[PDB]
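Chains as they are written, first to last, in the deposited numbering: chain B, 662 to 888, 894 to 930, 941 to 1193; chain E, 1 to 12, 76 to 86; chain A, 100 to 121, 129 to 149; chain C, 2 to 159, 167 to 279, 285 to 397. Each residue gets a CB set at the ideal place from its N, CA and C atoms; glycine is no exception.
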Amino acid sequence: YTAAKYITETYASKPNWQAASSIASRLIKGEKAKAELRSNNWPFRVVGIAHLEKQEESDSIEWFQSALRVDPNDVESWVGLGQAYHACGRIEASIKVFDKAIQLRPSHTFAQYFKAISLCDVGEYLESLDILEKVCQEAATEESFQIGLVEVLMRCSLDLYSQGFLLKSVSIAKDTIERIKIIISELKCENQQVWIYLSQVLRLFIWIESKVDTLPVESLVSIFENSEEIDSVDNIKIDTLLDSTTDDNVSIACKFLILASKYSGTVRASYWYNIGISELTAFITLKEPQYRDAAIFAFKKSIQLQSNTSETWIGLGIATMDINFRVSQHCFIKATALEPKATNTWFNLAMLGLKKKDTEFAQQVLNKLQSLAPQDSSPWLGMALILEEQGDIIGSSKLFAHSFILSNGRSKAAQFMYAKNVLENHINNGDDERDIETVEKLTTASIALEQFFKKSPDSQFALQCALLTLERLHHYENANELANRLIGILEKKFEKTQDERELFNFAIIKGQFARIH
Amino acid sequence: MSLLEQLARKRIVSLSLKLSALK
Amino acid sequence: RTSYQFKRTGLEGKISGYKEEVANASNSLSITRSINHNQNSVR
Amino acid sequence: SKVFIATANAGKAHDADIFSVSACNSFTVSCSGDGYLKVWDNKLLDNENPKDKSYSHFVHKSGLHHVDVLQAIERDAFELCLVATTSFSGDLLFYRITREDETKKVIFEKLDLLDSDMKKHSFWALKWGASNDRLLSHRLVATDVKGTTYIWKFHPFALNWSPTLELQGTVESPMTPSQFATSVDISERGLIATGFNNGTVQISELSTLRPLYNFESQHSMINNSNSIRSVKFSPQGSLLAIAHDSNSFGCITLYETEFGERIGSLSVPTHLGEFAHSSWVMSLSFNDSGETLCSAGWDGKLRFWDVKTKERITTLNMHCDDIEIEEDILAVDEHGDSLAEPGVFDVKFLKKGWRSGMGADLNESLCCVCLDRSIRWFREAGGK
């Protein structure tokens, strides 16, 4: 025992845990240390810890539980048991264990950080944020605590975005960007995780475009000023960014999005895939060929790195939708073969088939997708579009309504098509204002358009539809602002090309604006 | 005054500015 | 694909240092898949 | 909150409509249109009629329609309990509730806290703001028929008993001309919300008394319906529930108070559209954890909603035959009209341990007043 303890503590401080585990196991199994082992729990603790750095987490649970039964006051045994429970998908048990360990030793620091991570995993952002803020206040030198705080901030912002809290998501994104700027400026610590977090945060400003002017362009400059194959295509550089003119807010947002991907073979494949995804987002948002070329180049390199992931094939198929349909078809087939449980590839193939005006193939694939994922709102949208193209009107309306109900506000296209269909079905139908169903449909369409304008404003067709709906709903105060924005957009559009065909819509907009007054 | 309005009568950003100022 | 790992030191293992080392409900059958808080955790 | 079991009730408790109800740790307070104020002891024993442990006091001949009670331990041993009511004539009255040493009977003492110039107004709604670490002094907020919101500070001592109300300021209506302020609430974080008869809610800061938000909950402005009946803050979260009319329907809308954006609405299929109740929603109430919301409907039902998922949980039906003592059952009103499904005027959640009796010791309770002139108590099954 005494000699065994000496050897164990000598090997534990090397550190070298395999030998310590072997010695503890041969001491326990010897059955000659009966009386001594009922007062101390160091051998079981060493065995559990050694299993813990071996990443065989489930094997150390029993050892930590035995060591805790022997001594219920071991804080490190509780911490090890909780960190083992977390890796086994036992998050609530780990939360309770971390609470117990904190209760024994309130000054313990890593326990609070682990508890905050677990609370974030189960979806308790307020308590975890408070814990991590207090921990970072107590000791700001630790890099892991700051990275964890940024991680929790980003996850909370994304969860709020998915839940429909679009106004606090941008505020939490700004807080995350400020924290990242603080980290890079003061700690001078760089890692791939923080740049991935920044890129995830930057998508919130592009997605919520009505709040894009709030982007902290001052902190981002210092973030990109305190740290070549693809540079010749996109030509996106910090110097070119600074010395630029006649550039819109959204374009600057997308160019900022494509700098964290370039400032960070599995790791290299992920790096190039991230750059390609950012460039694909920029190409979809701005519609310029050089972004498409850069995205294809990055996707090709990432495929040449691993070629065993579905997402790279989906991205390659998306980036080559118009240049060639056979290439997109092959990419989508390969992606589906790689991961058969993903329902997005079938929808992408359906959209590709619809873009080539092949209705039967799209109908067949959408029937299969509906059999596969009935709860998603995209197959219903595709079927509604197909039936609208064919000529059926009642079924198209029913499918649009079902898609809108299933979307639960998470789809812009569902809202737009539902509003357009409702307006089309009730524009010259000869109905009165005493019908509850029609007024409720108009109210739902107005609410859907209000939600739509928060993500993609300055859309002429949606603005006109909303103006008509608000005129029907007697909401003359919102229609004034909407018509002012529409008039401004039309004036800006017609003051650049210097055309004259826009005078026809100008008169109609002026007449509607006069009706609103 | 607007160019389109003038033509009709005859026939009858933030992020960039802040970026330049900061630099 | 990168994460954090904790390496305790000495007897009565306490966290000493960290190193930078190299799936949803509808995709994986693993117990370690991500938990979605929108759905019921009981039914 | 899934299973609710009735524990006690008292039919024909008042002589007229019971318009509001409030509770404290020691008792439950009811106000009626007959001008009385009844105090019901919360610590009942087994086999005890609720009306046996009840005390009543006459306030105003014109009747009362709002009531709120404030109970706190102001010093090491001093305890004060205050009841504030407003009448149909528009008077604001304050009463101090104390108990005898031997008989343990409740004594009513009238207080004079408003000055002569303050007595010229007609108040409608009121709400006690207790100390919740936001500021050391209790708060009282009220609205008038002109649309103005008033804020006071209550000072019990000047231990010497000498109550005094100090006016902080007023907040005016956001629109010209002014409208009727129908409801008011105050949160623990220091926020004030006011509802108006046109469907507009205004939020102002407690410290500086300036407006923050002005959001409009009207489905459509074709007609002049859709007034606001109840506004309630979440006990811990940044959430505000609005109960508003929709041309003979009842609607509930949820907002978040950090930025003032619309979150969603609660609705169920009823004999289409987005409506929460068949007739109207008259009251709202949050539980202690702020995860369940209870809406009292004019149709005669209590509906419980899940805040996060915005889905209904369970429904409680009210009948005139639920009264234990059959001699207290009021089947028909003074005009012979049926009361088999009487509408609910007010609903209140009681904290754990407030109401004791038949198994209600370790779980949350609930109280409601209905159109049959009855007061009813429920308890949540299980424990916590």
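Are any of the Cβ atoms in chain E nearer than 8 angstroms to that of residue i?
i: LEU713 of chain B; result: no
i: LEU1179 of chain B; result: yes
i: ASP720 of chain B; result: no
i: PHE1182 of chain B; result: yes
i: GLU812 of chain B; result: no
So with Cβ pairs under 8 angstroms, would you call residue i a contact of chain B?
i: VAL148 of chain A; result: no
i: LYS86 of chain E; result: yes
i: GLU120 of chain A; result: no
i: residue 414 of chain C; result: For chain C, the structure presents residues 2 to 397; residue 414 of chain C sits outside this window and is missing.
i: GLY286 of chain C; result: yes
i: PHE241 of chain C; result: no
i: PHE299 of chain C; result: no
i: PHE267 of chain C; result: yes
i: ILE338 of chain C; result: no
Once the 5 residues before and after residue i are set aside, which same chain residues still bring their CB inside 7 angstroms of it?
i: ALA745 of chain B; result: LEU713, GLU718, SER721, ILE722, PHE725
i: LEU962 of chain B; result: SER917, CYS920
i: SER779 of chain B; result: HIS747, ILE752, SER755, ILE756, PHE759
i: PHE59 of chain C; result: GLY36, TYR37
Helix, strand or coil: how does DSSP classify residue i here?
i: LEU114 of chain C; result: coil
i: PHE317 of chain C; result: strand
i: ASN10 of chain C; result: strand
i: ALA1049 of chain B; result: coil
i: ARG97 of chain C; result: strand
i: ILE152 of chain C; result: strand
i: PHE1170 of chain B; result: helix
i: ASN222 of chain C; result: strand
i: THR1035 of chain B; result: helix
i: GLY349 of chain C; result: coil
Assign residue i to one of two classes, buried (16 or more other C-beta atoms within 10 Å of its C-beta) or exposed (fewer than that).
i: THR216 of chain C; result: exposed
i: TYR37 of chain C; result: buried
i: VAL708 of chain B; result: buried
i: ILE338 of chain C; result: exposed
i: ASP193 of chain C; result: buried
i: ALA1121 of chain B; result: buried
i: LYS1117 of chain B; result: buried
i: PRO355 of chain C; result: buried
i: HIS348 of chain C; result: exposed
Starting from the beta carbon of residue i, find every residue of chain E whose beta carbon is closer than 8 angstroms, and list them in chain order.
i: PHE1170 of chain B; result: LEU3, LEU4
i: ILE918 of chain B; result: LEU78, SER79, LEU82
Which bits of chain C does residue i rub up against, with CB to CB less than 7 angstroms?
i: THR1119 of chain B; result: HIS227, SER228
With a cut-off of 8 angstroms, does the C-beta of residue i fall near any C-beta of chain C?
i: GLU1116 of chain B; result: yes
i: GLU870 of chain B; result: no
i: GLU839 of chain B; result: no
i: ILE1112 of chain B; result: yes
For a contact meaning CB atoms closer than 8 angstroms, what does residue i contact in chain C?
i: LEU1149 of chain B; result: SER228, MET229, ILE230
i: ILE684 of chain B; result: The premise fails here: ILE684 of chain B is roughly 49 angstroms from chain C at the closest Cβ pair, so nothing lies under 8 angstroms.
Is the Cβ of residue i closer than 8 angstroms to any Cβ of chain A?
i: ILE710 of chain B; result: yes
i: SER674 of chain B; result: yes
i: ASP1175 of chain B; result: no
i: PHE1076 of chain B; result: no
Going along chain E, which residues have a C-beta under 7 angstroms from residue i?
i: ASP874 of chain B; result: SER77, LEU78
Going along the chain, which residues of its own chain have a beta-carbon closer than 6 angstroms to the beta-carbon of residue i, five neighbours each way excluded?
i: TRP390 of chain C; result: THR8, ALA9, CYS380
i: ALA1011 of chain B; result: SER986, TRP989, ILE990, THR1021
i: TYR662 of chain B; result: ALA694, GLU697
Just to confirm my understanding: we take residue i, look at its own chain, exclude 5 residues before and 5 after, and list those with CB closer than 8 angstroms. What are they?
i: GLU794 of chain B; result: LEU810
i: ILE904 of chain B; result: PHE885, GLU886, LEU925
i: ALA762 of chain B; result: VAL736, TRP739, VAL740, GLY743, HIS769, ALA772
Against residue i, what residues of chain B qualify as contacts under a CB-to-CB distance less than 9 angstroms, listed in chain order?
i: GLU264 of chain C; result: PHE826, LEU828, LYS829
Closest Cβ-Cβ distance between residue i and chain D: below 8 angstroms?
i: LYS1017 of chain B; result: Among the protein chains of the structure shown, namely B, E, A and C, there is no chain D.
Along chain A, which residues have their Cβ under 8 angstroms away from the Cβ of residue i?
i: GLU670 of chain B; result: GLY109, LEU110
i: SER946 of chain B; result: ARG100
Taking Cβ-Cβ distances shorter than 7 angstroms, what residues in chain A pair up with residue i?
i: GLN980 of chain B; result: What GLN980 of chain B touches in chain A: nothing, since even the nearest Cβ is about 18 angstroms away.
Starting from residue i, find everything on chain E with Cβ-Cβ shorter than 9 angstroms and list it in chain order.
i: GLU964 of chain B; result: None at all; the shortest Cβ gap to chain E is about 18 angstroms.
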